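Undergrad: Got a structure here, written out as structure tokens. Questions coming.
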Amino acid sequence: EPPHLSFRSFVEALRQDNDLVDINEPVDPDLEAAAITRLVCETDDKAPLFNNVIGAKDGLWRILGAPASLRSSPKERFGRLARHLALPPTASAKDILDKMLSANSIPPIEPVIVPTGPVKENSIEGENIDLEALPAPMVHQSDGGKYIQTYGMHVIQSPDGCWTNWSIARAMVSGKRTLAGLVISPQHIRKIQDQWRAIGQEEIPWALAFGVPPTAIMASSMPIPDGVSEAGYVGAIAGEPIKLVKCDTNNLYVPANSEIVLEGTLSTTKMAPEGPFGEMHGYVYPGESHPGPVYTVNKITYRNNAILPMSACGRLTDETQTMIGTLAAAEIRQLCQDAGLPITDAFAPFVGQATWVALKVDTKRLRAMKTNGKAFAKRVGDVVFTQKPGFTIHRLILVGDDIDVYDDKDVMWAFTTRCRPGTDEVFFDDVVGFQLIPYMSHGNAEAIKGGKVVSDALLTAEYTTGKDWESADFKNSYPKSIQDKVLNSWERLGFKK
Amino acid sequence: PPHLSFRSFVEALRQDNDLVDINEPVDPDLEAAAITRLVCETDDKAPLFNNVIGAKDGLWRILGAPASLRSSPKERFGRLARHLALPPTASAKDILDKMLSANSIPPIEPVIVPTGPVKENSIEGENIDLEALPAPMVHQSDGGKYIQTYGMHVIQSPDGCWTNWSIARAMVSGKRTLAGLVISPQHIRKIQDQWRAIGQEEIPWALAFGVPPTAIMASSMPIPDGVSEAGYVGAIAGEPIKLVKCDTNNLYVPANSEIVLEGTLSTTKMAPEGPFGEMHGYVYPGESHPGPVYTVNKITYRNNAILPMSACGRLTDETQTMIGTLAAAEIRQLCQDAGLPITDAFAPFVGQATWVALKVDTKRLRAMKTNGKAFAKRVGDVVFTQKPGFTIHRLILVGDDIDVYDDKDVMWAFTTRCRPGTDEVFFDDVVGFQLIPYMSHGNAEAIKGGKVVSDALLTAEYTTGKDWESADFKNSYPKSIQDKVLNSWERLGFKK
Ligand SMILES: Cc1cc2c3c(c1C)C(C)(C)CC=[N+]3c1c([nH]c(=O)[nH]c1=O)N2C[C@H](O)[C@H](O)[C@H](O)COP(=O)(O)O
Ligand SMILES: Cc1cc2c3c(c1C)C(C)(C)CC=[N+]3c1c([nH]c(=O)[nH]c1=O)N2C[C@H](O)[C@H](O)[C@H](O)COP(=O)(O)O
Ligand SMILES: [K+]
Ligand SMILES: [K+]
Ligand SMILES: [K+]
Ligand SMILES: [K+]
Ligand SMILES: [Mn+2]
Ligand SMILES: [Mn+2]
């Protein structure tokens with residue numbers, strides 16, 4: 001199977017790309033594996049594969065850190081993400097987001113059932129399971145426990161059986177057979193948990209699949225619509241069905257070539273201290289647990305030589321910024337286009353710590369609408385901040401079509417020179433707010449409400465008569481004949497390539 | 001000595017390997033400025049144009065990018081550091097500390113010399129033809145040839161006591177005339193208004209190009225009203241600046257200047273000025289505005305004279321490395337004078353010289369028993385009512401875990417610690433900077449408001465203290481683990 005349909009083939013693709021370090025020396029899953037991963041994320045280095053995790057027994061487990069973080073070569077910066085999606089390692093951010101949105105407008109390709117697969121090579125059951133003895137990583141020194149679940153896919157089905165949701169939500173080892181996880185509104189895993197609580201079910205059938213098909217983990221991180229099963233969406237992205245096998249102990253289905261699967265239940269009643277966790281905004285709060293639902297593990301099935309993927313998230317740049325912000329930005333682009341707004345492109349600039357989305361406006365179509373910045377900013381915020389894909393995003397920046405929204409430097413130039421602070425902003429204090437952001441949960445107002453803005457970084461004339469300025473840069477302030485004369489002279493004169 | 005002589009500064013750049021000697025003929029119509037602009041956009045070596053097309057009887061060579069950035073992270077500010085007798089590895093803090101060092105010590109008065117290198121050559125009265133000199137065309141949509149982008153205007157108040165040195169742009173306007181930007185609240189405009197008020201038509205004036213590098217830095221710094229830059233510069237340099245008297249008036253110019261224009265600034269005569277590709281990265285084609293006329297009566301110049309040139313615009317040129325960073329230095333000082341607990345200030349490059357980050361001593365802040373809403377309003381009232389605050393539209397207050405000299409730390413604090421709208425105080429009534437496009441070409445008054453203070457201190461920083469740890473390699477892992485990882489890094493196959 002190709003890299004985008006097999007995690008084991010994806011790992012080999014990273015080896016072929018010279019984008020993976022096989023670490024054969026013993027590495028402690030207590031902080032050492034995550035510290036190496038964290039420093040890889042902070043320097044855009046090669047992904048670390050820990051082949052010799054201290055405490056591994058019977059094939060559980062190796063660790064792959066930084067599965068979807070950035071490469072250091074600017075022409076292949078997003079290459080590890082492109083290898084999730086059957087894209088070349090030179091793929092632009094636009095190419096990656098366009099591919100994730102490609103299934104939005106075409107029929108689902110439904111999964112196919114197979115009788116077995118690699119994930120059934122090994123098993124541990126019932127009283128033989130000891131999660132505290134497995135080498136689950138300690139990801140940050142002040143975390144509330146060992147966060148085994150940072151890059152696996154929760155599988156949970158609605159009571160009526162029609163909707164199977166695949167998503168990423170963190171979970172830590174809680175006990176011999178238990179995890180505690182973050183399960184918050186408005187996420188689909190919480191919506192489904194509430195649908196089971198409402199019919200009185202105490203224990204919901206659940207599975208957690210680690211090292212799924214790379215296309216599946218990307219879709220698991222993307223806010224596709226309510227009621228849409230990710231498996232069919234994944235099939236439409238990948239151009240073929242995902243092969244699923246039935247769980248041993250329940251009626252759920254997991255990818256047949258997953259590395260590791262936990263089968264069990266999600267409680268609708270019981271909670272345990274969950275957290276704290278070093279989180280996508282770059283913070284951990286020592287001692288600050290919150291109650292989270294209990295997952296109970298009844299069976300573990302795994303491949304020979306199983307690999308647990310791990311995201312050591314925090315300050316720039318890891319999977320929380322490369323996947324959560326950018327896939328939110330993709331779905332925000334689709335929301336805006338469905339509303340009839342002239343938005344061509346959306347990205348979550350890394351400088352925004354995945355709380356910003358920049359929206360590129362086709363200014364020719366904006367002028368046909370005969371509106372103004374104040375009215376347009378309100379409309380964009382009403383469309384986006386009332387819908388689930390806008391949940392994590394607190395600042396929308398509207399820029400014209402001379403700005404590359406995929407380039408943090410262009411977005412910052414537009415924001416700081418075209419948006420008059422206060423005057424050119426519309427504040428939203430009645431919308432749902434993201435409580436993980438420290439200015440929300442450790443801030444001056446309600447943790448779950450408000451704190452959002454749309455920043456109009458289009459200049460006044462862009463709404464009426466058009467661009468009346470020229471950039472004071474090499475590209476726009478000098479004739480092409482002068483630019484070419486300089487480029488052809490550059491190295492001969494003694495300037496660098 | 002490089003901080004006291006522009007010619008010695010150019011030889012210091014040569015010895016740092018930070019200068020390209022360009023001996024091929026280069027056109028001052030857009031080609032010199034295009035090379036400079038690309039140097040500024042890639043942080044490359046300063047270009048010295050030794051062969052300017054149209055050069056006449058020794059006028060002139062051109063030095064581009066005199067205070068732009070070097071690409072090596074360890075010496076990023078080395079070009080600014082050679083203005084100030086600092087090592088090329090000097091931090092931004094070192095440069096700003098040195099510029100503020102003269103705030104708290106006695107001025108070192110300039111000493112007069114009878115002659116100097118600047119008097120080696122001259123052109124006078126009817127022989128002056130500014131239109132035939134190779135003044136650069138700096139941007140293709142500029143309203144004329146911006147001869148003056150890095151020289152020091154010398155103008156004395158009517159009381160005789162206050163001599164101001166300052167950078168303000170000017171373009172060739174005719175055979176003997178420049179037209180310039182002279183706006184409130186800049187001291188060149190304050191002094192022009194003092195002369196108009198007592199009835200003087202033509203104010204004695206000089207413009208010195210290639211001045212002592214310490215002087216051009218102080219020329220770009222909003223030091224207080226009524227303080228002569230010459231004495232401040234002396235106290236920075238730890239010795240007197242040697243001045244010579246102009247031939248045709250009673251003003252004094254650095255004796256080793258490359259080129260001096262002597263003449264008058266009119267209080268009545270106006271001429272079309274601009275547009276000019278400016279510090280925010282914009283030019284508006286066809287948008288000139290009346291500016292005051294400068295009349296040139298005499299030019300004196302060194303043999304092999306060099307005109308310095310700032311090709312300003314998008315990042316990173318002298319307007320970002322000097323205008324915002326020196327405003328931030330003076331904003332730090334103002335805050336400390338008002339008794340606010342500010343230890344450090346910088347103008348992040350991402351802000352396009354419109355942002356200043358202020359680093360708060362949080363131990364001192366907790367001892368004041370205040371809150372963010374109150375403190376943000378108080379800091380804005382102190383800064384946005386004073387001249388050094390003029391160009392700055394956003395102040396970001398950060399705690400003392402944030403390196404305000406590092407744009408990544410500043411954006412991390414701003415995006416994660418300042419709740420949009422809730423944690424911001426907006427200033428609608430203060431003087432605004434009309435050069436910023438969102439002011440001059442925006443939705444409200446060009447000269448009033450559009451400012452904000454962003455409280456990027458978390459709620460607990462005001463009361464009981466920092467209660468998080470960064471989720472980064474340095475703060476989330478014990479020192480024993482960090483060392484084991486750093487000692488293993490290269491051997492395992494990661495990059496240095
Ligand atoms: C890539 C990724 C996305 C995480 C994530 C992480 C990663 C690495 C972690 C594990 C490292 C930190 C935790 N994460 C959480 C999270 N969403 C959530 O509700 N709880 C979280 O704990 N997300 C986002 C979540 O996956 C997206 O919001 C999906 O759109 C949710 O799927 P749904 O739309 O089907 O609800
Ligand atoms: C380094 C530098 C600073 C410029 C400047 C430029 C540069 C290269 C240019 C030439 C490239 C673009 C023009 N500049 C102007 C300017 N201030 C001003 O009032 N008009 C301007 O035209 N400044 C800033 C000015 O020098 C500072 O605000 C000083 O504090 C003014 O001195 P003063 O405090 O004595 O008034
Ligand atoms: K999902
Ligand atoms: K605007
Ligand atoms: K000055
Ligand atoms: K705050
Ligand atoms: Mn879903
Ligand atoms: Mn002054």
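In the structure tokens, the first chain shown is A, the next is B, and so on; residue numbers restart at 1 for each chain, and ligands run from 1 in the order shown.
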Return as a list in words every polymer residue, whether protein, DNA or RNA, with at least one atom no more than 6 Å from an atom of ligand 4; count only C-alpha atoms and all ligand atoms.
TA: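 So the residues close to ligand 4 are residues 418, 419, 424, 456, 457, 458, 459 and 460 of chain A; 438 of chain B.
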Undergrad: Please identify all protein, DNA and RNA residues within 9 Å of ligand 3, counting only C-alpha atoms and all ligand atoms, and report them as a count of residues only.
TA: 18
Undergrad: Using only C-alpha atoms, determine which residues lie at most 6 Å from stretch 336-353 of chain B, disregarding the query and same-chain residues fewer than 5 positions distant; provide the list as number ranges by chain.
TA: A: 412, 416; B: 280, 320, 324-325, 328, 358-361, 404-405, 407
Undergrad: Convert the current residue selection to file output with N, CA and C atoms, as a PDB file, in the first residue's frame.
TA:
```pdb
ATOM      1  N   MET A 412       1.711  39.870   8.057  1.00  0.00           N
ATOM      2  CA  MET A 412       2.090  40.872   9.084  1.00  0.00           C
ATOM      3  C   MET A 412       2.236  42.255   8.430  1.00  0.00           C
ATOM      4  N   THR A 416      -0.372  45.265   9.816  1.00  0.00           N
ATOM      5  CA  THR A 416       0.249  46.384  10.580  1.00  0.00           C
ATOM      6  C   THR A 416       0.170  47.703   9.773  1.00  0.00           C
TER       7      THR A 416
ATOM      8  N   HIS B 280       6.833  52.434   5.562  1.00  0.00           N
ATOM      9  CA  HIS B 280       5.762  51.420   5.743  1.00  0.00           C
ATOM     10  C   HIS B 280       5.706  50.482   4.526  1.00  0.00           C
ATOM     11  N   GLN B 320      13.458  51.033   9.478  1.00  0.00           N
ATOM     12  CA  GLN B 320      13.045  50.058  10.504  1.00  0.00           C
ATOM     13  C   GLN B 320      14.157  49.872  11.530  1.00  0.00           C
ATOM     14  N   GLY B 324      12.130  53.159  14.127  1.00  0.00           N
ATOM     15  CA  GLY B 324      11.288  52.538  15.168  1.00  0.00           C
ATOM     16  C   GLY B 324      12.090  52.165  16.412  1.00  0.00           C
ATOM     17  N   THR B 325      13.314  51.690  16.252  1.00  0.00           N
ATOM     18  CA  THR B 325      14.143  51.158  17.352  1.00  0.00           C
ATOM     19  C   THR B 325      14.603  52.321  18.245  1.00  0.00           C
ATOM     20  N   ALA B 328      11.551  53.512  20.155  1.00  0.00           N
ATOM     21  CA  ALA B 328      11.383  52.558  21.273  1.00  0.00           C
ATOM     22  C   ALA B 328      12.353  52.893  22.415  1.00  0.00           C
ATOM     23  N   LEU B 358       7.013  46.632  25.064  1.00  0.00           N
ATOM     24  CA  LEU B 358       7.528  47.075  26.381  1.00  0.00           C
ATOM     25  C   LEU B 358       7.586  45.891  27.353  1.00  0.00           C
ATOM     26  N   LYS B 359       8.759  45.593  27.863  1.00  0.00           N
ATOM     27  CA  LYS B 359       9.040  44.510  28.820  1.00  0.00           C
ATOM     28  C   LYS B 359       8.819  45.055  30.242  1.00  0.00           C
ATOM     29  N   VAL B 360       7.933  44.395  30.979  1.00  0.00           N
ATOM     30  CA  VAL B 360       7.484  44.876  32.321  1.00  0.00           C
ATOM     31  C   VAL B 360       8.246  44.096  33.378  1.00  0.00           C
ATOM     32  N   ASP B 361       8.821  44.776  34.377  1.00  0.00           N
ATOM     33  CA  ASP B 361       9.371  44.134  35.599  1.00  0.00           C
ATOM     34  C   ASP B 361       8.142  43.712  36.426  1.00  0.00           C
ATOM     35  N   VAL B 404      11.800  40.987  24.261  1.00  0.00           N
ATOM     36  CA  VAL B 404      11.151  41.988  23.361  1.00  0.00           C
ATOM     37  C   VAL B 404      12.056  42.271  22.158  1.00  0.00           C
ATOM     38  N   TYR B 405      13.308  41.794  22.149  1.00  0.00           N
ATOM     39  CA  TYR B 405      14.250  42.008  21.013  1.00  0.00           C
ATOM     40  C   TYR B 405      14.039  40.908  19.967  1.00  0.00           C
ATOM     41  N   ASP B 407      11.298  38.973  17.675  1.00  0.00           N
ATOM     42  CA  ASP B 407       9.951  39.095  17.055  1.00  0.00           C
ATOM     43  C   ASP B 407       9.119  37.832  17.336  1.00  0.00           C
TER      44      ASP B 407
END
```
Undergrad: Name each residue within 8 Å of ligand 6, counting only C-alpha atoms and all ligand atoms, as a PyMOL selection string.
TA: (chain A and resi 439+443-444) or (chain B and resi 372+417-419+423+454-459)
Undergrad: Fewer than 4 positions away in the same chain doesn't count, so skip those; otherwise give me all residues within 12 Å of residue A:316, counting only C-alpha atoms, as a PyMOL selection string.
TA: (chain A and resi 38-44+66+69-70+279-283+312+320-322+349-354) or (chain B and resi 408-409+411-412+470-473)
Undergrad: Can you write out the residues you just picked, keeping N, CA, C and O atoms, as a tab-separated table (two decimals), in the first residue's frame?
TA:
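Written file, again_5.tsv:
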```
chain	number	residue	atom	x	y	z
A	38	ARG	N	10.75	17.49	20.64
A	38	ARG	CA	10.54	18.94	20.83
A	38	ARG	C	11.67	19.71	20.13
A	38	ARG	O	11.38	20.66	19.42
A	39	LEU	N	12.92	19.31	20.31
A	39	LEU	CA	14.04	20.06	19.67
A	39	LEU	C	14.01	19.88	18.15
A	39	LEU	O	14.24	20.88	17.44
A	40	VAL	N	13.58	18.73	17.64
A	40	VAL	CA	13.32	18.53	16.18
A	40	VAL	C	12.25	19.52	15.72
A	40	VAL	O	12.50	20.26	14.74
A	41	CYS	N	11.14	19.64	16.45
A	41	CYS	CA	10.06	20.59	16.07
A	41	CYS	C	10.58	22.03	16.07
A	41	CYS	O	10.13	22.83	15.21
A	42	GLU	N	11.44	22.37	17.03
A	42	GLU	CA	11.91	23.78	17.19
A	42	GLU	C	12.96	24.11	16.12
A	42	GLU	O	13.25	25.30	15.94
A	43	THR	N	13.55	23.14	15.46
A	43	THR	CA	14.64	23.35	14.45
A	43	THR	C	14.23	22.84	13.07
A	43	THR	O	15.09	22.90	12.16
A	44	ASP	N	13.01	22.32	12.90
A	44	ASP	CA	12.53	21.78	11.60
A	44	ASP	C	13.49	20.69	11.11
A	44	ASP	O	13.82	20.61	9.92
A	66	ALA	N	7.17	13.81	15.79
A	66	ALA	CA	7.11	14.89	14.79
A	66	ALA	C	6.65	14.36	13.44
A	66	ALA	O	7.23	14.70	12.38
A	69	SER	N	5.50	17.60	11.27
A	69	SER	CA	6.17	18.90	11.49
A	69	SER	C	6.94	19.32	10.22
A	69	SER	O	6.81	18.63	9.18
A	70	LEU	N	7.62	20.46	10.24
A	70	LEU	CA	8.14	21.07	9.00
A	70	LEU	C	9.55	20.55	8.70
A	70	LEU	O	10.28	20.15	9.62
A	279	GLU	N	0.44	22.37	25.55
A	279	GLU	CA	-0.70	22.44	24.62
A	279	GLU	C	-0.33	23.35	23.44
A	279	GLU	O	0.72	24.00	23.50
A	280	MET	N	-1.15	23.32	22.39
A	280	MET	CA	-0.87	23.90	21.05
A	280	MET	C	-0.51	25.39	21.13
A	280	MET	O	0.01	25.89	20.14
A	281	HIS	N	-0.77	26.09	22.25
A	281	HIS	CA	-0.49	27.55	22.34
A	281	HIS	C	0.87	27.77	22.97
A	281	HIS	O	1.27	28.94	23.05
A	282	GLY	N	1.49	26.73	23.51
A	282	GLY	CA	2.86	26.76	24.05
A	282	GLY	C	2.91	26.78	25.56
A	282	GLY	O	3.96	27.12	26.07
A	283	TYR	N	1.85	26.39	26.25
A	283	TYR	CA	1.77	26.54	27.73
A	283	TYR	C	1.47	25.20	28.37
A	283	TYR	O	0.56	24.52	27.90
A	312	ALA	N	4.92	16.02	20.24
A	312	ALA	CA	5.45	16.78	21.39
A	312	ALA	C	5.09	18.24	21.14
A	312	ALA	O	5.92	18.99	20.60
A	320	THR	N	0.16	20.59	15.95
A	320	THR	CA	-0.97	21.47	16.35
A	320	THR	C	-0.98	22.71	15.46
A	320	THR	O	-2.09	23.21	15.13
A	321	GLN	N	0.17	23.18	14.98
A	321	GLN	CA	0.12	24.39	14.13
A	321	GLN	C	0.03	23.99	12.65
A	321	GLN	O	-0.63	24.72	11.87
A	322	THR	N	0.68	22.90	12.26
A	322	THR	CA	0.73	22.48	10.83
A	322	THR	C	-0.59	21.83	10.40
A	322	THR	O	-0.85	21.86	9.17
A	349	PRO	N	-1.44	31.63	9.77
A	349	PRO	CA	-0.01	31.97	9.84
A	349	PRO	C	0.60	31.41	11.13
A	349	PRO	O	-0.04	31.43	12.17
A	350	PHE	N	1.80	30.87	11.06
A	350	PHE	CA	2.47	30.26	12.23
A	350	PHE	C	2.68	31.32	13.32
A	350	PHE	O	2.47	30.97	14.49
A	351	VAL	N	2.99	32.57	12.96
A	351	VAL	CA	3.10	33.69	13.94
A	351	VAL	C	1.83	33.80	14.83
A	351	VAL	O	1.96	34.30	15.96
A	352	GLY	N	0.65	33.40	14.35
A	352	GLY	CA	-0.61	33.51	15.13
A	352	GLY	C	-0.77	32.38	16.14
A	352	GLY	O	-1.78	32.42	16.84
A	353	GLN	N	0.19	31.45	16.24
A	353	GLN	CA	0.12	30.32	17.20
A	353	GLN	C	-1.21	29.58	17.04
A	353	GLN	O	-1.83	29.25	18.07
A	354	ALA	N	-1.64	29.39	15.80
A	354	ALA	CA	-2.89	28.71	15.36
A	354	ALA	C	-4.16	29.36	15.92
A	354	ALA	O	-5.18	28.66	16.07
B	408	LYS	N	9.73	36.65	17.45
B	408	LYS	CA	8.97	35.39	17.65
B	408	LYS	C	8.37	35.40	19.07
B	408	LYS	O	7.19	35.09	19.21
B	409	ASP	N	9.14	35.78	20.08
B	409	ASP	CA	8.64	35.85	21.48
B	409	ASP	C	7.56	36.92	21.53
B	409	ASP	O	6.55	36.72	22.23
B	411	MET	N	5.47	38.02	19.15
B	411	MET	CA	4.22	37.57	18.52
B	411	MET	C	3.63	36.45	19.40
B	411	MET	O	2.44	36.43	19.48
B	412	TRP	N	4.44	35.59	20.01
B	412	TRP	CA	3.90	34.50	20.86
B	412	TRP	C	3.11	35.11	22.02
B	412	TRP	O	1.92	34.77	22.21
B	470	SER	N	6.61	27.34	29.88
B	470	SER	CA	6.59	27.18	28.39
B	470	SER	C	6.72	25.71	28.04
B	470	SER	O	7.58	25.01	28.62
B	471	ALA	N	5.96	25.30	27.02
B	471	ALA	CA	6.01	23.97	26.40
B	471	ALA	C	7.08	24.03	25.30
B	471	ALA	O	6.76	24.02	24.09
B	472	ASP	N	8.33	24.20	25.70
B	472	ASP	CA	9.49	24.31	24.77
B	472	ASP	C	10.64	23.53	25.37
B	472	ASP	O	10.54	23.06	26.52
B	473	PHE	N	11.68	23.30	24.59
B	473	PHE	CA	12.81	22.45	24.99
B	473	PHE	C	13.44	23.01	26.27
B	473	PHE	O	13.78	22.23	27.20
```
Undergrad: So which one's closest to chain A, B:133, B:413, B:69, B:322? Using only C-alpha atoms, please.
TA: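 Using only C-alpha atoms, the shortest distance to chain A belongs to B:413.
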Undergrad: Return as a ChimeraX atom specification every polymer residue, whether protein, DNA or RNA, with at least one atom no more than 8 Å from an atom of ligand 8; count only C-alpha atoms and all ligand atoms.
TA: /B:164-166,186-188,219,221-229
Undergrad: For the residues selected in the previous step, produce a file with N, CA, C and O atoms as a PDB file, in the first residue's frame.
TA:
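selection38.pdb, freshly written:
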```
ATOM      1  N   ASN B 164      19.408  72.008  16.180  1.00  0.00           N
ATOM      2  CA  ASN B 164      18.851  70.665  15.943  1.00  0.00           C
ATOM      3  C   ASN B 164      19.595  70.005  14.787  1.00  0.00           C
ATOM      4  O   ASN B 164      19.754  70.691  13.740  1.00  0.00           O
ATOM      5  N   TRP B 165      19.922  68.710  14.956  1.00  0.00           N
ATOM      6  CA  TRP B 165      20.359  67.791  13.865  1.00  0.00           C
ATOM      7  C   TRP B 165      19.272  66.723  13.658  1.00  0.00           C
ATOM      8  O   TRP B 165      18.921  66.007  14.650  1.00  0.00           O
ATOM      9  N   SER B 166      18.843  66.503  12.436  1.00  0.00           N
ATOM     10  CA  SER B 166      17.741  65.546  12.202  1.00  0.00           C
ATOM     11  C   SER B 166      17.726  65.095  10.759  1.00  0.00           C
ATOM     12  O   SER B 166      18.137  65.866   9.878  1.00  0.00           O
ATOM     13  N   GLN B 186       7.924  67.271  14.477  1.00  0.00           N
ATOM     14  CA  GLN B 186       9.392  67.118  14.324  1.00  0.00           C
ATOM     15  C   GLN B 186      10.061  68.467  14.646  1.00  0.00           C
ATOM     16  O   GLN B 186       9.437  69.514  14.420  1.00  0.00           O
ATOM     17  N   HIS B 187      11.256  68.410  15.174  1.00  0.00           N
ATOM     18  CA  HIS B 187      11.951  69.623  15.670  1.00  0.00           C
ATOM     19  C   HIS B 187      12.282  70.538  14.488  1.00  0.00           C
ATOM     20  O   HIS B 187      12.330  71.763  14.690  1.00  0.00           O
ATOM     21  N   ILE B 188      12.530  69.996  13.294  1.00  0.00           N
ATOM     22  CA  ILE B 188      12.840  70.903  12.164  1.00  0.00           C
ATOM     23  C   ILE B 188      11.612  71.771  11.897  1.00  0.00           C
ATOM     24  O   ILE B 188      11.769  73.000  11.591  1.00  0.00           O
ATOM     25  N   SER B 219      20.717  61.833  15.063  1.00  0.00           N
ATOM     26  CA  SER B 219      19.864  62.602  14.122  1.00  0.00           C
ATOM     27  C   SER B 219      18.513  61.918  13.925  1.00  0.00           C
ATOM     28  O   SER B 219      17.514  62.647  13.673  1.00  0.00           O
ATOM     29  N   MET B 221      16.978  59.978  16.306  1.00  0.00           N
ATOM     30  CA  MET B 221      16.455  59.727  17.678  1.00  0.00           C
ATOM     31  C   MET B 221      15.730  60.946  18.225  1.00  0.00           C
ATOM     32  O   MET B 221      16.257  62.067  18.140  1.00  0.00           O
ATOM     33  N   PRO B 222      14.490  60.761  18.744  1.00  0.00           N
ATOM     34  CA  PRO B 222      13.662  61.852  19.250  1.00  0.00           C
ATOM     35  C   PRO B 222      14.129  62.217  20.668  1.00  0.00           C
ATOM     36  O   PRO B 222      13.409  62.008  21.628  1.00  0.00           O
ATOM     37  N   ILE B 223      15.332  62.791  20.763  1.00  0.00           N
ATOM     38  CA  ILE B 223      15.834  63.321  22.069  1.00  0.00           C
ATOM     39  C   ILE B 223      15.016  64.556  22.419  1.00  0.00           C
ATOM     40  O   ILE B 223      14.291  65.077  21.598  1.00  0.00           O
ATOM     41  N   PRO B 224      14.973  64.994  23.698  1.00  0.00           N
ATOM     42  CA  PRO B 224      14.019  66.040  24.077  1.00  0.00           C
ATOM     43  C   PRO B 224      14.135  67.374  23.321  1.00  0.00           C
ATOM     44  O   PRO B 224      15.186  67.674  22.711  1.00  0.00           O
ATOM     45  N   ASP B 225      13.022  68.104  23.308  1.00  0.00           N
ATOM     46  CA  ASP B 225      12.906  69.486  22.768  1.00  0.00           C
ATOM     47  C   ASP B 225      13.985  70.331  23.464  1.00  0.00           C
ATOM     48  O   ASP B 225      14.239  70.126  24.684  1.00  0.00           O
ATOM     49  N   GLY B 226      14.645  71.216  22.711  1.00  0.00           N
ATOM     50  CA  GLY B 226      15.628  72.155  23.270  1.00  0.00           C
ATOM     51  C   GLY B 226      16.973  71.526  23.582  1.00  0.00           C
ATOM     52  O   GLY B 226      17.842  72.246  24.081  1.00  0.00           O
ATOM     53  N   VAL B 227      17.175  70.230  23.338  1.00  0.00           N
ATOM     54  CA  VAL B 227      18.491  69.561  23.507  1.00  0.00           C
ATOM     55  C   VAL B 227      19.191  69.511  22.146  1.00  0.00           C
ATOM     56  O   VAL B 227      18.657  68.873  21.190  1.00  0.00           O
ATOM     57  N   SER B 228      20.340  70.164  22.063  1.00  0.00           N
ATOM     58  CA  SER B 228      21.239  70.134  20.887  1.00  0.00           C
ATOM     59  C   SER B 228      21.856  68.746  20.741  1.00  0.00           C
ATOM     60  O   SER B 228      22.483  68.251  21.679  1.00  0.00           O
ATOM     61  N   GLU B 229      21.665  68.124  19.572  1.00  0.00           N
ATOM     62  CA  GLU B 229      22.158  66.763  19.298  1.00  0.00           C
ATOM     63  C   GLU B 229      23.675  66.708  19.408  1.00  0.00           C
ATOM     64  O   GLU B 229      24.185  65.677  19.858  1.00  0.00           O
TER      65      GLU B 229
END
```
Undergrad: Please extract the residues of stretch 392-462 of chain B with a backbone DSSP assignment of strand (DSSP E) and present them as a ChimeraX atom specification.
TA: /B:394-398,424-427,451-456
Undergrad: Write out as a PyMOL selection string the residues lying within 9 Å of residue A:464, counting only C-alpha atoms and excluding same-chain residues fewer than 6 positions away.
TA: chain A and resi 366-368+370-372
Undergrad: Suppose we keep N, CA and C atoms; can you now write the selection as a short mmCIF file (atom, residue, chain, number, x, y, z; two decimals), in the first residue's frame?
TA:
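For reference, out.cif as written:
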```cif
data_model
loop_
_atom_site.label_atom_id
_atom_site.label_comp_id
_atom_site.auth_asym_id
_atom_site.auth_seq_id
_atom_site.Cartn_x
_atom_site.Cartn_y
_atom_site.Cartn_z
N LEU A 366 -14.95 41.93 -4.86
CA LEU A 366 -15.34 42.77 -3.70
C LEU A 366 -15.93 44.12 -4.21
N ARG A 367 -15.31 44.71 -5.23
CA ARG A 367 -15.75 46.02 -5.77
C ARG A 367 -17.13 45.87 -6.42
N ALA A 368 -17.40 44.73 -7.07
CA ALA A 368 -18.73 44.43 -7.64
C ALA A 368 -19.82 44.39 -6.54
N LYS A 370 -20.02 46.48 -3.88
CA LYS A 370 -20.28 47.89 -3.49
C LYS A 370 -20.54 47.96 -1.98
N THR A 371 -19.64 47.42 -1.17
CA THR A 371 -19.77 47.40 0.30
C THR A 371 -18.60 48.21 0.87
N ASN A 372 -18.34 48.08 2.17
CA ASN A 372 -17.24 48.77 2.88
C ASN A 372 -16.65 47.80 3.91
#
```
Undergrad: Name the residues in contact with stretch 75-91 of chain B at a cut-off of 9 Å, using only C-alpha atoms, excluding same-chain residues fewer than 5 positions from it; report them as a VMD selection string.
TA: chain B and resid 1 to 4 6 9 12 to 13 16 18 43 46 66 to 70 96 98 to 99 212 to 217 236 to 237 321 to 322 405
